[PDB]
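Just the one chain here, laid out as structure tokens, in the form deposited in one PDB entry.
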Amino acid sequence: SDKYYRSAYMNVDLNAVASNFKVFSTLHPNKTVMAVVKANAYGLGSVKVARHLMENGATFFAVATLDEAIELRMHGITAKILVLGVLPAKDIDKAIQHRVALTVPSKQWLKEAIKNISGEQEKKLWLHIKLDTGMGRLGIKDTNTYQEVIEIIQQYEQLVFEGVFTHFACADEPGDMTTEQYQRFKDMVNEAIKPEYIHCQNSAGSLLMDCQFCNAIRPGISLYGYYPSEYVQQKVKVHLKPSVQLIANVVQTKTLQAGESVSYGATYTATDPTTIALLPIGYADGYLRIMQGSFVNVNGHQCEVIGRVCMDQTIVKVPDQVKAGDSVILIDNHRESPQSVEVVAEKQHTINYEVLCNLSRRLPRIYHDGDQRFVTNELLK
């Protein structure tokens, strides 16, 4: 457990994460739950989340990049891992060496990948073909190309057609786009041999749909306790446990008399005699400038963020009784909270996903697992 030397941090509740994972296993008992731990597990810390999820039955992870997969492998993760992004073809041997499954986005990529296999790694290359069913991002859109790519893969004993998958553009909102995409996915997959893993559902799809034709799901944000939209939250009857709190303690208070100001990026002048509190957190921590004017919870009291948020500091208008040492909840681990991740996303003019991703390496993650507490502080690694 690392030390840390500033009173700002994230509480990461690993018991909540395990409980949320259990929700997906329970909803889909016959599917492999491919736990999405990309982008450092949406800010929570991919190594600690993956380790904890393996102790709770997880056997397959998905990440965005090979670096993310190697990071898991370096820290004892023995489960299957799929890279969802496109690997630079020159790095093919490293994927093979570390038994990491790769996404095939195109016939062109596959041909470049094969040319870079040196023969010095003879282990299998496991491949999941990505189909573009209307998202318009990565993948093969044409059935003929899909078949040609399967055939190329079957010509090489080293290359294994392990899976096939697609991504839904609008699964978190009502409309027929998702039904249409799903039908297109089944139509394409039924035109060739079926691989071992067939998957299309992220959090929203995993919560709203059965998808009997598929045998794996890819829950991401919902593993960490958040719904992908309010529509999905309202439409489903499971309970998700938010896993993150963002906390900082007041390091200094001052009382501004009438007509007195302080400048933290812009002038705030006290009209009445008001007390302010200085928090040791700022926009370099991911608590962005736009959080100006939002409210934080200081010892039970809703308190406005005043002046501009600075790189390393934030000022808050507080009651007189507030003092140095008092704990402040900037992001709370409850859905129905003025400091919920969704309310913070509204203030940020964005979505919950990004609120979480913004939280920088400077914040220690304090992991909770029952009574057990351990700290990761990236700066001292």
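Residue indices: 1-based, along the sequence shown. Only the largest set of C-alpha atoms that superpose within 1.5 Å between the two forms is called the rigid core.
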| item | value |
| --- | --- |
| Coordinates absent for residue 299 in a third or more of other entries | no |
| Unresolved residue 91 in a third or more of other entries flanked by modelled residues | no |
| 316 to 324 versus 54 to 62 - which carries the larger mean C-alpha B factor in the record | 316 to 324 |
| Residue stretch of maximal mean CA temperature factor, 364 to 372 vs 15 to 23 | 364 to 372 |
| Candidate set 220, 273, 163, 282 [ranked by C-alpha B-factor, highest] | 273 |
| Out of 71, 173, 93, 187, highest CA B-factor residue | 173 |
| Third assignment of residue 339 from its chain's C-alpha B-factors | middle |
| Third of the chain's Cα B-factor distribution that residue 85 belongs to, per the entry | lowest |
| Within-chain third of residue 300 by Cα B-factor, per the entry | highest |
| Cα B factor band for residue 169 (lowest, middle or highest third within the chain) | highest |
| Residue 30 - which third its CA temperature factor falls in, relative to the rest of the chain | highest |
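The same protein also has a form deposited in another entry, omitted here; what follows describes it.
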item: Of the candidates 247, 192, 262, 305, the only Cα that travels 2 Å or more between this form and the one not shown, given a rigid-core fit; value: 262
